[PDB]
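Take a look at the structure set out below.
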Amino acid sequence: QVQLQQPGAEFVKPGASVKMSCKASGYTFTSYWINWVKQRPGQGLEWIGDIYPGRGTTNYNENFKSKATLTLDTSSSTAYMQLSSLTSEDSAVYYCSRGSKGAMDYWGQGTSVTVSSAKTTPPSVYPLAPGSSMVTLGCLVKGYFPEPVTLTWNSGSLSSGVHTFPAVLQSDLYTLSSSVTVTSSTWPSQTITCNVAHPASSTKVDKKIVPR
Amino acid sequence: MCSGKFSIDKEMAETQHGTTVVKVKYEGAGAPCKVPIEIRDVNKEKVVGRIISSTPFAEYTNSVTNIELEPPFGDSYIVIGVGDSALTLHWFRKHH
Amino acid sequence: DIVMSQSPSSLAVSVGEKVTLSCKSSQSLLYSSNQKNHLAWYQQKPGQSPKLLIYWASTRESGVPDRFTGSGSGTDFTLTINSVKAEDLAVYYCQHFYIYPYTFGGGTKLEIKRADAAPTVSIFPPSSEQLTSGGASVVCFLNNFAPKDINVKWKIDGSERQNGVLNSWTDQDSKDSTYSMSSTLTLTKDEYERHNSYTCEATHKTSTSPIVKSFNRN
Ligand SMILES: [Cl-]
Ligand SMILES: [Cl-]
Ligand code: NA
Ligand code: NA
Ligand code: NA
Ligand code: NA
Ligand SMILES: [Zn+2]
């Protein structure tokens, strides 16, 4: 089926540039346009420009004329966008989409770009055990940068009853938390462990929740 | 109107949404000014109301301007500028 | 550039209820050549990429259930959802492709309306590891409640504490249509160890009396 594959995230300093890919499959690549769209965390969608595979035609939003560059590689059925002279204003998710007559009928999952001069900092992971049929445990992930972190329980085999909350930035550092609710009769007999991966710092931390 | 010379910044091309766009670099004094435009069918007969762009303007000497047109099917001719400085571009739009 | 304005900015609707969303253009999106309105609607579920629902104002994209219908022309458009489903929570955007550059509306947040539900409150004292680094976070989960509006109040030895509190809501759950919230009172170990009782009180639409969870440092 139709698919557009983009890298998950990019972390770069101000003044630098970045290049991100958009790999298409499931249809004849030269028959459709590719758009690029920007979305700031809490905001809407902004069209950056488009490019037509084959002919090489490009069009830009005047807002991104000096900021963005759209290119192709027809052999790999890939499209690329480069952003230059980066600032925090450029911190956003960047989607690629397939265009059918101006409508964007398919989308990539988006590449989240963080532009910051802040130092990369791995997360401290703290277990949250209870100080009665179901018991709620948790993990507090504190003092990391940048986003994102990926939180699983028992390496993903525990998914139901999970609430992972959006991180909050306080003083150049993020903090999020995660709860998991399991049957009381089978904890702590059947162990529960939170895994917190932080690709930016090339770090993962596993913390088994033990009764206090 | 705008009476300076016009030149092509990027050759006319088809857009994702069934129009055509051409970037023209204004090389003349008197900006800002109205870009003289006129579309003529194969019979040099003025084809009407197919300039999708709002009345296009040149901002300053050597200012590029995007013009979007909805050319008719078959042969057409886009006259940009006025007088002997006028550019005449040819376009052919296929039915699909 | 063209400006796309959407109203309302947000609304709440029940499963099975009908809803109408608006999108006005600052100029006509109609091509008289083929009487095609260059307008599209998209649905972006939380944490996901946008999905195309309709194009040319009235034409449904393949795979989209017919309960989504597009209507309108010129500069006045509307997307109607009848028999709204629980999984339809999302932000709906309108977009023009009349001319470069394409621009999107501000979007409309579609919240789902379900039966009220009081939160399950759980409190957690600081872990030994954090204390060793000089920190002392007290965490409080308030899970699966139905109306988003909710207040959390931290008391230390029975005195309200507003400084050092950070809150975060999950997005509305797709299935049960509930919300969840984490509230963390971050203290230093120094202050934490000078007080005894720590409490979080959840005042919610579902109860006149607050839901109180507490522990003693003992
Ligand atoms: Cl104190
Ligand atoms: Cl105090
Ligand atoms: Na292909
Ligand atoms: Na594990
Ligand atoms: Na949190
Ligand atoms: Na485990
Ligand atoms: Zn104190």
Side-chain angles (χ1 to χ4, degrees), chain A residues 32-39 43-50 59 61 95 97-107, chain B residues 14-21 49-54 68-70, chain C residues 1-9 11 18-44 49-82 88 90-110:
Chain A
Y32 292 83
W33 290 73
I34 296 289
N35 303 270
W36 293 83
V37 176
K38 175 179 181 182
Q39 182 166 43
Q43 295 274 259
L45 302 166
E46 192 176 8
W47 185 73
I48 291 171
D50 67 8
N59 297 285
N61 188 329
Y95 299 103
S97 65
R98 182 182 91 172
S100 187
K101 318 311 190 174
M104 301 176 186
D105 57 9
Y106 289 95
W107 291 65
Chain B
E14 184 183 25
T15 71
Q16 183 187 150
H17 50 279
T19 62
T20 72
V21 69
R50 275 152 157 99
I51 304 177
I52 310 314
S53 291
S54 59
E68 252 184 78
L69 320 167
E70 183 178 26
Chain C
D1 300 342
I2 292 176
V3 178
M4 310 296 278
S5 303
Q6 293 184 241
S7 69
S9 41
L11 59 71
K18 301 197 171 96
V19 56
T20 297
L21 301 162
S22 169
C23 176
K24 291 172 186 171
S25 175
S26 57
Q27 72 182 259
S28 181
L29 304 174
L30 182 51
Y31 277 45
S32 63
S33 49
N34 57 5
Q35 293 294 332
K36 296 292 182 68
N37 290 277
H38 284 217
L39 179 135
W41 293 88
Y42 298 93
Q43 157 192 106
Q44 196 185 20
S49 62
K51 181 181 171 186
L52 178 59
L53 300 187
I54 288 174
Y55 58 88
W56 283 331
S58 307
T59 303
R60 253 186 309 282
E61 174 73 0
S62 65
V64 176
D66 52 333
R67 69 169 177 279
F68 291 90
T69 292
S71 175
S73 175
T75 66
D76 282 35
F77 300 84
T78 66
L79 166 59
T80 291
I81 311 170
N82 38 41
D88 293 341
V91 181
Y92 299 82
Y93 294 95
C94 62
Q95 179 224 328
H96 82 71
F97 41 100
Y98 183 80
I99 186 185
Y100 291 139
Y102 302 165
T103 62
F104 298 79
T108 303
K109 185 65 175 180
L110 174 58

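Keep in mind that the numbers below use all heavy atoms, side chains included, and drop hydrogens, waters and symmetry copies. Order of the sequence lines fixes the chain letters, A, B, ..., with proteins taken first and strands second; residue numbering starts at 1 for each chain.
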Evaluation steps, side chain to side chain contact (heavy atoms under 4.5 Å, CB included), between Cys94(C) and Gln6(C): CA-CA 8 Å; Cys94(C) 62; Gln6(C) 293 184 241; 3.5 Å; yes

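- A side-chain donor-acceptor contact under 3.5 Å links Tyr31(C) to the backbone of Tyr98(C).
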Is there a side chain to side chain contact (heavy atoms under 4.5 Å, CB included) between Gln43(C) and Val64(C)? Walk through the geometry before answering. CA-CA 11 Å; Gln43(C) 157 192 106; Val64(C) 176; over 6 Å; no

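- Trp41(C) has its ring centre no less than 6.0 Å from the ring centre of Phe68(C).
- Between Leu11(C) and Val19(C), some side-chain heavy-atom pair lies under the 4.5 Å cut-off.
- With no hydrogens or angles considered, no side-chain donor-acceptor pair links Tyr95(A) and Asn35(A) at under 3.5 Å.
- Between the side chain of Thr15(B) and the main chain of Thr19(B), a donor-acceptor pair closer than 3.5 Å is present.
- No side-chain donor from either of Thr103(C) and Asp1(C) sits under 3.5 Å from a side-chain acceptor of the other.
- Formation of a donor-acceptor pair under 3.5 Å by the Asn61(A) side chain with backbone atoms of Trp47(A) is found in this model.
- Centroid-to-centroid, the aromatic rings of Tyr100(C) and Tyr102(C) come within less than 6.0 Å.
- For the pair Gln44(C)/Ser49(C), no side-chain contact is recorded, criterion being any heavy-atom separation below 4.5 Å from C-beta on.
- Ion pairing of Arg98(A) with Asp105(A) is present here, as a side-chain N (NZ or NE/NH1/NH2) and a carboxylate O approach within less than 4.0 Å.
- By the 4.5 Å heavy-atom criterion applied to side chains, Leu53(C) and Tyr92(C) are counted as neighbours.
- Using a distance-only test at 3.5 Å, with no hydrogens or angles considered, no donor-acceptor pair links the side chain of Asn37(C) to the main chain of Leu39(C).
- Side-chain contact between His96(C) and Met4(C) is present, with heavy atoms from C-beta onward closer than 4.5 Å.
- Looking only at distances, a side-chain donor or acceptor of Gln16(B) sits under 3.5 Å from a matching main-chain atom of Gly102(A).
- In this structure a side-chain-to-backbone donor-acceptor pair under 3.5 Å is present from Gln39(A) to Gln43(A).
- Looking at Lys51(C) and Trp107(A), their side chains never come closer than 4.5 Å, going by heavy atoms from C-beta outward.
- Across all non-hydrogen atoms, the minimal contact from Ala57(C) to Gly72(C) is CB-O, 4.1 Å.
- Side-chain atoms of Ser28(C) come within 3.5 Å of backbone N or O of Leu30(C) as a donor-acceptor pair.
- For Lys109(C), the NZ atom is densely surrounded, since the number of other residues' heavy atoms within 6.0 Å is greater than 12.
- Side chains of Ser53(B) and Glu68(B): no donor on one and acceptor on the other come within 3.5 Å.
- Remark: aromatic rings of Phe97(C) and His17(B) are distant, center separation not under 6.0 Å.
- At distances below 3.5 Å, not a single donor-acceptor pair connects side-chain atoms of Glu70(B) with backbone N or O atoms of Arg50(B).
- Of the possible donor and acceptor atoms, one in the side chain of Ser26(C) sits under 3.5 Å from a partner among the backbone N and O of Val3(C).
- At a threshold of 4.5 Å between non-hydrogen side-chain atoms, the residues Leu110(C) and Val91(C) do not count as touching.
- By the ring-ring contact (aromatic ring centres under 6.0 Å, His included) test, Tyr32(A) pairs with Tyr27(A), sequence neighbours left out.
- A 4.5 Å side-chain heavy-atom check between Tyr55(C) and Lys101(A) finds every atom pair outside the cut-off.
- Counting all heavy atoms, side chain and backbone alike, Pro8(C) lies closest to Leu21(C) at CD-CD2, 3.8 Å.
- The heavy-atom pair separating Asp76(C) from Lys24(C) by the smallest distance is OD1-CG, 4.0 Å.
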Assess whether side chain to side chain contact (heavy atoms under 4.5 Å, CB included) is satisfied between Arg67(C) and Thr80(C), documenting all intermediate values. CA-CA 8 Å; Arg67(C) 69 169 177 279; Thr80(C) 291; over 6 Å; no

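- Looking at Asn59(A), its side chain never comes within 3.5 Å of a backbone N or O of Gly49(A) through a donor-acceptor pair.
- Within 6.0 Å of atom CD in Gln27(C), more than 12 heavy atoms from other residues, nucleotides or ligands are found, so the atom counts as buried in its surroundings.
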